[PDB]
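Residue numbers (my numbering), protein chains in the order written: chain A, 1 to 231; chain B, 1001 to 1331; chain C, 2001 to 2052; chain D, 3001 to 3282. Working notes for the structure below.
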Amino acid sequence: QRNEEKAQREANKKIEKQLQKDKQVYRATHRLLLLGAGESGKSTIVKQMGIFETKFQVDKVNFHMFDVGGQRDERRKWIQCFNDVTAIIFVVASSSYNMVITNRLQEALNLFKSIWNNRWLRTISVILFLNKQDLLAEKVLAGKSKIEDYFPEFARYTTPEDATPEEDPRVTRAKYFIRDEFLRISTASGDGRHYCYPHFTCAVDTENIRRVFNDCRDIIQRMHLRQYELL
Amino acid sequence: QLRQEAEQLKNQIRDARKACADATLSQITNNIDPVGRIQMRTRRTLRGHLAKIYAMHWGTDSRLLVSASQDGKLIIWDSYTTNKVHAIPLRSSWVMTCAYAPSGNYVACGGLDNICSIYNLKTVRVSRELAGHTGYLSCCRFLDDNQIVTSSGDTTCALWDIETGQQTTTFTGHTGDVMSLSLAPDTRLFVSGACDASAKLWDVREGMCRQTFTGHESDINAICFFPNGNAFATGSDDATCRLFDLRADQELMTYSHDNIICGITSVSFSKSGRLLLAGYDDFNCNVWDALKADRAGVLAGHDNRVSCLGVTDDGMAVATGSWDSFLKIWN
Amino acid sequence: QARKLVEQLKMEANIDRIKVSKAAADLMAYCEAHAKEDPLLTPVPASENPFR
Amino acid sequence: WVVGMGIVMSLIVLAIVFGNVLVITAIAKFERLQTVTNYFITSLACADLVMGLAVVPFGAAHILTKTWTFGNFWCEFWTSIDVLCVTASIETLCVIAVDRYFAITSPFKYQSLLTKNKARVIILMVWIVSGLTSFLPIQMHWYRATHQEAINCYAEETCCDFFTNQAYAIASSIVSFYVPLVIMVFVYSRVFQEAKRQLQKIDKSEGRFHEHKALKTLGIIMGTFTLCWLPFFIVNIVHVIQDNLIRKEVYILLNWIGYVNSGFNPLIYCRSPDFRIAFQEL
Ligand SMILES: Nc1nc2c(ncn2[C@@H]2O[C@H](COP(=O)(O)OP(=O)(O)OP(=O)(O)O)[C@@H](O)[C@H]2O)c(=O)[nH]1
Ligand SMILES: CN[C@@H]1CCc2c(ccc(O)c2O)[C@H]1O
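The following block contains the structure:
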């Protein structure tokens, strides 16, 4: 009667006190989702720097990344759970324009278009890594395979004036064509609520964590600026 | 050869169903009096979840319930006095379902890790882990204290043995992800709604499919038995609900409106089976009439998408959950 | 695969089907018989309502 | 023209007490509008409501009837409430500006920096400092002037005017206006710099396929407050540095123009889809 009433209210206070400490950790961490095109070398990127989860901290900021490998299908019903993440990391092998596996770049572009135009992922940015740059450079300077054979739009294309090559012009032209193939889809569908951040990545790069940190900082800053009607 | 025989048999099944349709359910129930207007009000509101909620299951005593959230917690409530009883942390933060044992001794859980976990309430530590599925779990229901039925995203369902952690039997035949299931009142048959817009009726003892219903047009999200046990209802993301009869092997009635275009996330029946409660993507819930197919009430007290819905065994209260991390008790 | 699918359709085709006028009548009879113990249809007094 | 003047002053009272009550009820009734940022808005709305309920009507009646009938004690209490309500409203805008500055400039530590307890402590501190400036010096007759006209004014019971010395005027003007002005100017300069930097960043990446909003918003926010409150706090120093330069009618006109600002805060800080939806629901 009266004795049991106080006992229940005593255990509620202990539980409600524990939930206050857990809320501090939850709000101070950032969640990232990692995707891939199938043979993009995304495991190498993770290792160098059901479901697989990793924890890491940079500049006293906690990040926590998710990798899905237990589910493999053309239909992604579970993609609606990741509508509260900070950003999505998309890894694509840019040196596979001649691999029929119809080629792999077309499938990667279709997957990117499907992910971008989603009912639930309408406010989430994408950090895009264009992996395997050395292989693309070698296969371009080889001269045996031409991109225009598989992508006829490459016949009439010129390197943009606002470009920053490090080299031989052919690889710069190929790289900028391939990244524009993604930037076009990114800019066409969007309405300013989310952007895309393309990066060129290799097998020896050790500055990918810095890129993720800076992109997340930009994402949050742009979010706040748009919320305050300043942008 | 083989393909031609299958097509020929599909025509025979369809032809037989046409001869059994003397009339429709709507024509017979024209003289019955309308239910009228139904108004419900929120009695309790439960707070404490740090993230959006996926699952909820009432207790057999009609007083305690459990809920799951994306933050990684499994909180057991007290609906009467609004007091938290337990709070079980989870190894994996991606949970999609939960269940409460008929005897109140155990609670099950599962999600994107393709594992079902059983906890011992009256001992709270992990008691058993069941593995073998190759896809995310979608639902789980307790047959008794030592058996459980699970459905996953690998287009298969299984019956487990908690004592030894082995699959007693496996059910195959679906071509898409299985999204939900529901057990018969006597616990001898169950139905499953999958992503190929088809529902099947299984046999637990034998392990074989008996009947198949293909009336919908899109992904099936929810399923529920009629209290009698001779009928069930389904809800898909084409904003339609359908009532199927087992003894007639065909659809009886459809519940749809011209002003609804969003999907349906959950369905449930009333104690007498007269009312049908369904949750929608437009942030609110609608109440239908099972025998006449007309709206009778609206529950619009939530701010985000409604994901779960349940009715007590004694039929006194209705509990709903949504993506704004709040549960509400409607009476 | 093809052989198994053929057998399944044959198994499901040979069942007894009753007419809709019986199933609808049974559903209506059950609803009418059990409408008395439905607290959601007829509201209960606040004295006997644990939530109010 | 007394009938016409009363009509206008009656419209000012209704506008202040209508919008501010709407903001308070909308935040309290609903649960999606209860955030850290909205506590400062609630405090500002409460201050504006107290002003519009307990300052404008009595001052309007005093102006129209040309005589104070409520005695000396209520004159002094009205003056104290006036100063307290003016002081506590300008200092909340500075808090809002600093909140936005911390939100935009340092986005990773914003969640840890601001919490409900810290917001409550800040609001209580602001109101305490506002109360110390208004009631404490006035009710203890530390603000009184020394000339013969002031002596006659305090002696007469029907007369209720404002006379003050140099030190109190300077200190109160500084505390009420001048620190928040420079703080807000610095904050919004930094915010504008960050906004234009992000705009420049966006253009470089996506220029081929594709600062009016920020300038307009900042211009509105700064200009309304400055144009409302600057001339009064200038003539506050001017009339005490030089005795014969400023009359009394200009003083009252500028003070009332400053008073009018209380009716514009809902139109500036409550323009969002959530607030508009809440207003439509009510
Ligand atoms: N030159 C070069 N080779 C790479 C790079 N990334 C992956 N590889 C090749 O990939 C081989 C190993 O395969 P993984 O990179 O692990 O491919 P994966 O992890 O299975 O990729 P996913 O299946 O999409 O997850 C290595 O031997 C490398 O030769 C790269 O960035 N540059
Ligand atoms: C009578 N009106 C008063 C006069 C002086 C004064 C005001 C407001 C804030 C201050 O810090 C002041 O010193 C005005 O509201």
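Every residue gets a Cβ at the ideal spot worked out from N, C-alpha and C, and that includes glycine.
Enumerate in chain order the residues of its own chain whose CB-to-CB distance from residue i is below 8 angstroms, with the five nearest sequence positions on each side excluded.
i         : result
A/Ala163  : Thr172 and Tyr176
B/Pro1034 : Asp1289, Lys1292 and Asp1294
D/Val3260 : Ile3012 and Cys3228
D/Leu3113 : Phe3102 and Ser3106
Determine, using beta carbons only, whether residue i comes closer than 8 angstroms to chain B.
i         : result
C/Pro2045 : no
A/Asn12   : yes
A/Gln57   : no
A/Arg9    : yes
A/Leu19   : yes
With a cut-off of 8 angstroms, does the C-beta of residue i fall near any C-beta of chain A?
i         : result
B/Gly1135 : yes
D/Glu3031 : no
D/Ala3195 : yes
D/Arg3100 : yes
D/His3212 : no
B/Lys1084 : yes
D/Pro3273 : no
B/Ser1236 : no
D/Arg3276 : no
B/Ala1087 : yes
B/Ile1115 : yes
If we count the other Cβ atoms within 10 Å of its Cβ and call it buried at 16 or more, is residue i buried or exposed?
i         : result
B/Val1298 : exposed
A/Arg2    : exposed
A/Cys196  : buried
B/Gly1279 : buried
B/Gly1207 : exposed
D/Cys3159 : exposed
A/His194  : buried
B/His1216 : buried
C/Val2020 : buried
D/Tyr3178 : exposed
C/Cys2031 : buried
D/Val3008 : exposed
Sorry if obvious, but does the Cβ on residue i come closer than 7 angstroms to a heavy atom of ligand 1?
i         : result
A/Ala203  : yes
A/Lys139  : no
B/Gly1193 : no
A/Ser125  : no
B/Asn1331 : no
A/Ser94   : no
D/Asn3117 : no
A/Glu229  : no
Residues in the same chain with beta-carbon distance under 7 angstroms from residue i, minus the five sequence neighbours each way, listed in chain order, please.
i         : result
D/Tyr3188 : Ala3097, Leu3218 and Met3222
B/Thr1312 : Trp1058 and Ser1062
A/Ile219  : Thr86, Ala87 and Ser125
Would residue i pass as an interface residue toward chain C - the criterion being a Cβ-Cβ separation below 8 angstroms?
i         : result
B/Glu1005 : yes
B/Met1316 : yes
Verify the contact flag: residue i, CB atom, against every heavy atom of ligand 2, threshold strictly below 7 angstroms.
i         : result
D/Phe3162 : yes
A/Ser189  : no
D/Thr3079 : yes
D/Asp3082 : yes
D/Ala3169 : yes
Say yes only if the C-beta of residue i is nearer than 7 angstroms to one or more non-hydrogen atoms of ligand 3, and no if none qualify.
i         : result
D/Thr3087 : Only ligand 1 and ligand 2 can be found as ligands here, which leaves ligand 3 out of the picture.
So is residue i in contact with chain D if we call contact Cβ pairs under 8 angstroms?
i        : result
A/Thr123 : no
A/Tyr150 : no
Here's a check: name, in chain order, each residue in its chain whose Cβ is nearer than 6 angstroms to the Cβ of residue i, leaving out the five neighbours to either side.
i         : result
A/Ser186  : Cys196
D/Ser3205 : none
A/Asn83   : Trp120
B/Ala1194 : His1174, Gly1176 and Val1178
D/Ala3028 : none
B/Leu1159 : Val1149, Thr1168 and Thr1169
*Where in the segment 3125 to 3203 of chain D do unbroken runs of the alpha helix (DSSP H), each at least 4 residues long, occur, reported from the N-terminal end onward?*
3148 to 3155 and 3166 to 3173
_Quick check for students: name the residue ranges of the alpha helix (DSSP H) that lie wholly in the segment 30 to 105 of chain A, counting only runs of 4 or more._
42 to 48
_Every unbroken beta strand (DSSP E) inside the segment 1244 to 1295 of chain B [3 residues or more]_ = 1250 to 1255, 1264 to 1269, 1275 to 1280 and 1285 to 1289, all fully within the segment 1244 to 1295 of chain B.
_Quick check on the DSSP output: what are the complete beta strand (DSSP E) runs of length 3 or more inside the segment 1210 to 1238 of chain B, in order along the chain?_
Positions of the beta strand (DSSP E) runs, each at least 3 residues long and wholly inside the segment 1210 to 1238 of chain B, are given as 1220 to 1225 and 1231 to 1236 in order along the chain.
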